[PDB]
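Chemist: Using PDB author numbering, the first residue of the first sequence is number 154, and each one after it goes up by one.
Every residue, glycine too, gets a C-beta built ideally from N, C-alpha and C.
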Amino acid sequence: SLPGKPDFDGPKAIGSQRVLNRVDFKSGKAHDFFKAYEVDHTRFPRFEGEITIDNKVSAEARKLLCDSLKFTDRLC
RNA sequence: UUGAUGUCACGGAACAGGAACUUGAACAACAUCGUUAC
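1. Excluding the 5 residues preceding and the 5 following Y190 in the sequence, name in chain order all residues of the same chain whose CB lies nearer than 8 angstroms to its CB.
2. Using only CA atoms, which one of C229, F186 and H184 lies nearest to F200?
3. Can you give the Cα-Cα distance for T205 and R215, rounded to whole angstroms?
4. Leaving out five residues before and five after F186 in sequence, what residues of the same chain have Cβ atoms less than 8 angstroms from its Cβ?
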């Protein structure tokens, strides 16, 4: 979640709705589209959270977890 | 404000069509202003 847990006045205050196309190839105009919300990254660049690990899990599963956390490229 | 044994959404170009156009000799002669007198 956001760091200080603030409050906004709706999704229009932090982002904007955008239409995404799906064009054809031969008669290259377009067809069915869809919509999403875009949020800029110069205003909300951080997200904090926790991971709770058992005590007697292992001593090498933590290594796999850390390497996978560093290797994860994209999200959202 | 999620629930866990299973998320290709970096799986998808806001794309495709519409002439700021049409009409116009930089040219020229008759007055203006109201009252006076019996």
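Modeler: According to the structure data:
1. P164, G168, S169, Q170 and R171
2. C229
3. 12 angstroms
4. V172, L173, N174 and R175
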